[PDB]
Participant: 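Got a structure for you, written out below as structure tokens; questions coming shortly.
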Amino acid sequence: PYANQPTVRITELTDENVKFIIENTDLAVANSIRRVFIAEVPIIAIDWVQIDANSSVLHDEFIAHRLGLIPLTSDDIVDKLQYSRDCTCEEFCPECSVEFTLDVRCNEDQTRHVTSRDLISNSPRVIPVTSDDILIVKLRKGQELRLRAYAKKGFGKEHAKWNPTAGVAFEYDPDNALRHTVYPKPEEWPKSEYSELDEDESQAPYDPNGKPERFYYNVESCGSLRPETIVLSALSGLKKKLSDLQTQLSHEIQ
Amino acid sequence: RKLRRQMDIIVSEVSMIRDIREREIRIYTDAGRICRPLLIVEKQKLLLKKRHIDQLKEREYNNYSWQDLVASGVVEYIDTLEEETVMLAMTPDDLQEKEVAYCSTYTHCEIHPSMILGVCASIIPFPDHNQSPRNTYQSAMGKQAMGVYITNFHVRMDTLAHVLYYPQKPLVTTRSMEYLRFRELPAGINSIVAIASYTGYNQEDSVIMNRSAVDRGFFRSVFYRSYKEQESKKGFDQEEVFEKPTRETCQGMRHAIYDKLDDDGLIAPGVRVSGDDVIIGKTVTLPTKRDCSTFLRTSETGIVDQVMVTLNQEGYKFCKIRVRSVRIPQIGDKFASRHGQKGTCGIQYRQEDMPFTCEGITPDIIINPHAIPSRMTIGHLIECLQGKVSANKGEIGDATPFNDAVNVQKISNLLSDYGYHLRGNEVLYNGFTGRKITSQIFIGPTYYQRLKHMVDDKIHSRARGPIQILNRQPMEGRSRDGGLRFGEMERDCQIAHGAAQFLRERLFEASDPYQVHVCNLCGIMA
Amino acid sequence: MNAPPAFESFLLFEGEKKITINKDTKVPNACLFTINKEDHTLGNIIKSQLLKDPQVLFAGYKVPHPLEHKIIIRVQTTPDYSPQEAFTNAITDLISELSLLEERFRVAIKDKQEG
Amino acid sequence: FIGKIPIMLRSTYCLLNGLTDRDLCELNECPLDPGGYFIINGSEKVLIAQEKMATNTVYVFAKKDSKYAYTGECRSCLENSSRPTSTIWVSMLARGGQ
Amino acid sequence: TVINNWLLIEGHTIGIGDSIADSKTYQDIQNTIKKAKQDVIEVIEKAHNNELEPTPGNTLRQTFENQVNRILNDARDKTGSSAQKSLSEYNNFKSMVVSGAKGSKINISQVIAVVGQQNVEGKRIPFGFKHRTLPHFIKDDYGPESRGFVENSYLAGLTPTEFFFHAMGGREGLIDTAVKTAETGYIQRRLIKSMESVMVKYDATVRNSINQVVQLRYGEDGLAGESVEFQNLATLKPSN
Amino acid sequence: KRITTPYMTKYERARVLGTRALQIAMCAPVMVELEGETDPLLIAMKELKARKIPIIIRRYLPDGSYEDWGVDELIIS
Amino acid sequence: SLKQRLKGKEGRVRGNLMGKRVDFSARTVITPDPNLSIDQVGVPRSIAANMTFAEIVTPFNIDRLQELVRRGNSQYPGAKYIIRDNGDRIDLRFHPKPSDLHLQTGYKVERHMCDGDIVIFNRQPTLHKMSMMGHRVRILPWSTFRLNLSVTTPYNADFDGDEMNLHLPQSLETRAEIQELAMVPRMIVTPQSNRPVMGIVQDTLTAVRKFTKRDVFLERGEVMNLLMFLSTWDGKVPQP
Amino acid sequence: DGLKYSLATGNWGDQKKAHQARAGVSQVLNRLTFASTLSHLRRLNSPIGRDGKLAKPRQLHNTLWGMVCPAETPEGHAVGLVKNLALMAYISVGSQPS
Amino acid sequence: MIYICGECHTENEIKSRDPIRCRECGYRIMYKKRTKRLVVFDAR
Amino acid sequence: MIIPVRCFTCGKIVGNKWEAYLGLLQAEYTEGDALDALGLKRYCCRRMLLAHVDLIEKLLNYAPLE
Amino acid sequence: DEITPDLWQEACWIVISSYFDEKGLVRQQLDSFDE
RNA sequence: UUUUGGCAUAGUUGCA
Ligand SMILES: [Mg+2]
Ligand SMILES: [Zn+2]
Ligand SMILES: [Zn+2]
Ligand SMILES: [Zn+2]
Ligand SMILES: [Zn+2]
């Protein structure tokens, strides 16, 4: 009638992705954890682009949309930052945003590459993660792009710019022991990387008493957060959501 | 034929036809005749040799071109009249090789059969695996597809223009696309499409789309509309002048704002405008004065992109005002493959909600499985498989129609080498519950086209407003507004319903009510 | 045009209750919890944890419409145990589970980094 | 002077004839633009090729919207001059009507 | 709602593997096609030697056309049946056809085995050229591929001649759709405007605007078409 | 001397409910014990179930004659 | 000429009496929605805010219509006009005068179309009774008319770009008429061939074919999830 | 003006006799995508005429192999009357027979 | 009232009364200068 | 028009790899080898660099209106 | 000496590319107008 | 301080 005792085993940990395994857990908790990786980990991404001068070939909304998609280093600052909608200011103070300034004038004849290197932050902790650098726009001789933009805290549910994951691989039952999927010709299907069968079987023998468990994860970060930070913030956020729901439920019952 | 093939006294386009049975030799030289080049065949051998191919390989820095091929008497133009007197080989590799003889006297040989297709039909990958009505439908839809219609679109001011943010050349392409410049000006995006039944919004030839992909600019587009206007001087009857109408000096106006304009009566570029804002303040003199300023269309909205002013043919000042409007894909926007798989966006789901493979790939689009069987658009499935092979291999796949070097077996064997199921299926996980979907989903890259028919350009409603001047009924003008005709079909349909009150309400109360006074004795309206 | 704002899928507007309880009159000891501005994230996990309870005779959830943001969770229980008690116990179990998972994930990170 | 003839773009007499892609860019003209159309009052107009029956050729048909069993039409037209084409028919009267 | 939500657990698709038959099935289809072509050649040789005799009521061209048409029809449906037998239970084409949701057995045969004869105005492809359907054949060739019998399935892809004849076949479909739409409403409007005023009066008779008896009772029974239904008379067929 | 059917036709039900709902919308007296009913159509439906609608249907036979049926007289389907 | 004005398809008697443009009509693209009942139609918020229905002021709805008058056109749901007993018309997007916002019995408020309103829903060409049917308005936050999938086949509609029309009855008697005669649940059976005009369609039909197979087995949580979507469920889990 | 009007409106023949003039020869160029522009520039229009009523032209005829596209035509009341040239198809420009 | 010549890109102050022509190249197509208003986009 | 910033499907950063991709192609790499060197394993990411058409280079031929 | 069938697939498309390099897609309109 | 609007053509395109 109570919680499982989930066990973690990290198989790989690089600076761009983390691969791990969770045993002793139901399918719903693992799926919600993957869902929270994708759509509920807050990061800092550019929003509120104000363009002072844009004589480039790409129109203004194009440049703003490209700026929004640039990932920003938000490893340790995002937790103490506040949502701008909740802050008490003109919506941009240092406690709820990070200012960015771009001012590029192409004077030489050669094609000028406006990259993420040209984004100057007012806070050193928050920079573009590439600082090759992400190309924003190419400028001709005589063209200019000059703007100031901010970066607010948000999560992937609101807009995909705030999604920190570059693809979250999730798997369970690599040998199809539970037969949650029914191969018409199981011999034709390649073995998963976590499969434990020999090269004469195609599926594990069917287990009627089986239950989903030993969920394999591979969380690849776009760069704005370290992958371990993504997972820790994900679990913290889901716990926070459940605690807030418990608070509201208690208030409703009383 | 010797003289024509040598470019002697007879020019190439002259066509000679011998009716042997009727003993006639008709030579035609006039214009209007259609012809095409065919390789000449002599004694079951092409006159084309490896030397000509070597010379054509160095087409640059040799000055050997097609005209020298015609001058060498290897290829000649044949018209449809002369085709009746021509025995033509489909391909030289087999049709003229020695075997159990079908015909030992071939006069010509096709260059490639795929050239029978036109322009819009030649961008179809694997059209010979489709049903021909869907080839026709795609030939229509490629005309309707979004894309970068021209490289100098920035200076041009066309009345309507649509430009896709991130167009891509197809991963699965035809050879003939190299000569249409489709590789330079593509119209569409390669989309990871999964052909699967799901929550139910893809049903009945509709499409589920990945909301996060759209947030990343997937099929995001821009729509340019240009409004032109000229001030004129017609004797002294009146005179139009570009200037912002002030609220005191002109007795005729609308409730829309007039402060967006500058002192010259024109709106500056880089200013948002709603569907009623004024962009060209033009005042016509009253024999005070009146306004005839132009506003945006009622449903439209956007930012003034560009503003050009110049003198027309007579020398009057006139301006053209390009208005940018960024269109994001939404529910109702049309999409189509290169196989006539027309469909609207049923609903948009975030990435977590979409189903996903074992390696975290969510499809950009989901289409209904039932769009295939009555269609028999097997070329769509072969395109998906070939595109998966192309993306894994890192090489643009080939989908020339009548090519025997490529078939589904070879594509499947190539795909199996990359650790995928040979038929393109994959084990997809339900994005909501995380459970494995029982059946394995057919998923892969496929080239999709956004058609110009967005929902916002075709949504309109009316309560009441600009009636006619004669019929005193609603009419169309300034927008799509003006009601919908309750035609004879709807009239008889409601008669079948027996809904006399609703029929009367539609036809009398809520279209054009009126009342007249008529004498009781006579019958004429008094 | 008619596109809803992106923020109104997780934000409660003024005078909107996060969670509302209504007794189901069709069956004794059954309740319906309508939670606004939530999705399958909480629905599926709460449903699974409720199914782990032995005293819960029924536990299910549904989103009434994907374009809308509500989850209706129906919970029926044995006569000696209320649905509200089961719901609270399930949420506390999930919170304990995720806290333990956080601690063990931190320990695993420290071992992998040291290793 | 007798008038002004519209000029099909990228023809032998359009100013974009035989210009390299660079010069087309300097004139803000797309090098991939195929041409083949006129500009009339700023509007790009294209002439659709009109299909019609070939001239000076004998064509024998069997009408039965008339009293003739057969009919040999010949839309004879002059060469390069006198655009009005004279259509002669030589018909055979149907033997059924008697 | 219930079935759409269960389908998220089940799921349903359609792919290349659903259009693939085993090698034995392809060999059987090819053998059937070879036999059909051989017996068409025998019929042609009988016709050329004046050995074919016309059936009563049909000229010799009609007799030959009927013979070859029935030959290719039985070959086509035999190939389609053999392909249908090759279908597995997990085959999604079969799943969508047996449910009646979409498609037909003819669609499966055309996708897998043989697209079949292409017809223009209810006949084989006519000799547009001088006694030829295309410039790639010899004159006076009444073979299957010559007159527009496409033998490759949509999976296998059509040859150039086969593709062009298939486009010819689909052009009639498009044109007849166009003329159907041209005749949409015209017959219907004429009918209603003849009949719009006819109504069941409160004495249960059926009368027009001018109040003339059309039927003494509606449908000769006075019953609406809503609540009537098929039944079987139990005393008509049994013997005494 | 009534020859017409004793059953309310669907068209009779439609027009009776429409007119009575309109009358209730114009503050007409209500002939059924309502409880928190605000929509006039629902109140009219409650009246029809109670057979309390004070309306008489004049059915015209196709000879100029007519029959006046009370709503209570007819059989509600 | 005068004779030309009356003859033809676009004459006064055939272009402006048998058919004519009508006020209170909207049109847009259709899209599927399995989560709506067959008698429900999704409506964009903009169309609902543009369209209006005249609600007569009574002592029961005086407070509600007063609140809607307070909202005005700028906020949805609201109202456009107040038609007083004298017939004079007060517009609400321009008049902040609180004296003009007083309501009393007999006044009519042209309130914005809201949820539960009855609307005739039509698809041209109109070929039978079921090509125009009554639906209940459901406000959903996008720019298309969402429909149930079962109502596609009476309309002969598919979501390939097809547009559909929506007429709003403006009067209580007409609303009751559409309720009692033209609602799509009443239109399930056609009198054309005394059968249902609508059945189960593509995905749900294939899925219910697969679902009712003998070997479909569902564990405890799966059936509990499915029974949530069963509206008519009595709340008793059947014996497995 | 005489060319200009005829190219501006697409009515061909005498301007004052436009009642019996052939219409739709000149069309505004369709600039929506590059493929549409190329398809419009390579377009053939077959008028109805007296001749089209005698034999049905909408159907895809055998001689259209290699000259026009086998599968490209607008739907509705234009199927088979509006065609597009094949890729390698080239129309004779005319020459003197002397 | 500043315009930019289409050919030579010269800023010209042109009144609403006089004809429009480039004051150093004679070119007859003029584009308005970008607005000095405050312009903002959300980066979505 | 220009290389997208993110991968449309998975969201991986791709905008910082177009110039490197072209540079590898100038080093006589097969396109599969170039994409493997850039570290794009999922075919969703590979599709974008493999199919991208860079029209901004062509748009920069035209002089700016300043 | 002669084009082998294995190399014919390259040869024919070389010929077609040479054709479209020489002629282009709109020779019809331009040649008619020049004539 | 409460407006509004060109008619008739021709072409193209969407759905049935
Ligand atoms: Mg449709
Ligand atoms: Zn702040
Ligand atoms: Zn009188
Ligand atoms: Zn200048
Ligand atoms: Zn990717």
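The sequence lines fix the lettering, A, B, ..., with proteins before strands; numbering per chain opens at 1. What's counted below: heavy atoms across the whole structure, side chains too, no hydrogens, waters or symmetry copies.
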Participant: Using a 4.0 Å heavy-atom cut-off, does H:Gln27 contact any base of the nucleic acid, only the sugar-phosphate backbone, or nothing at all?
Facilitator: sugar-phosphate
Participant: May I ask you to say what G:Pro125 touches in the nucleic acid, namely base, sugar-phosphate or nothing, with a heavy-atom cut-off under 4.0 Å?
Facilitator: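 Base contact.
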Participant: Using a cut-off of less than 4.0 Å, is there contact between a side-chain N or O of B:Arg290 and OP1 or OP2 of L:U4?
Facilitator: yes
Participant: Taking only side-chain N and O atoms of B:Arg254, does any of them lie within less than 4.0 angstrom of OP1 or OP2 on L:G5?
Facilitator: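 True: B:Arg254 side-chain N/O within range (under 4.0 Å) of L:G5 OP1/OP2.
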Participant: Quick one: is B:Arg478 getting a side-chain N or O under 4.0 Å of the L:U4 phosphate, OP1 or OP2?
Facilitator: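 So the side chain of B:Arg478 is outside the cut-off, no N or O lying under 4.0 Å from OP1 or OP2 of L:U4.
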Participant: Measure from the side-chain heavy atoms of H:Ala23 and tell me the nearest of L:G14, L:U12, L:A10.
Facilitator: L:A10
Participant: Could you tell me how far apart G:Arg5 (CZ) and L:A8 (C1') are, to the nearest whole angstrom?
Facilitator: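 Computing the G:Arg5:CZ to L:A8:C1' distance gives 11 Å.
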Participant: Categorize G:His95 for me: base, sugar-phosphate, or nothing, with a 4.0 angstrom heavy-atom threshold over every strand shown.
Facilitator: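 The residue G:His95 makes base contact.
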Participant: Look at all strands and tell whether G:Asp158 reaches a base, only sugar-phosphate, or nothing, counting heavy atoms closer than 4.0 Å.
Facilitator: sugar-phosphate
Participant: Taking only side-chain nitrogens and oxygens of B:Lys342, does any of them come within less than 4.0 Å of OP1 or OP2 of L:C15?
Facilitator: yes
Participant: Pick base, sugar-phosphate or nothing for B:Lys458, based on heavy-atom distances below 4.0 Å to the nucleic acid.
Facilitator: nothing
Participant: Whether B:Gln144 contacts L:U13 is assessed here as follows: a side-chain N or O lying under 4.0 Å from the phosphate OP1 or OP2. Is that the case?
Facilitator: no
Participant: L:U12 P sits how many Å from D:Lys45 NZ, rounded?
Facilitator: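 It is 12 Å, rounded to the nearest whole Å.
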Participant: Please classify the sugar of L:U13 as north or south using the torsion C1'-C2'-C3'-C4'.
Facilitator: north
Participant: Measure CD1/B:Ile469 against P/L:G5 and give the value in whole Å, please.
Facilitator: 13 Å
Participant: Tell me: CD1 of G:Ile30 to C1' of L:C15, nearest whole Å?
Facilitator: 9 Å
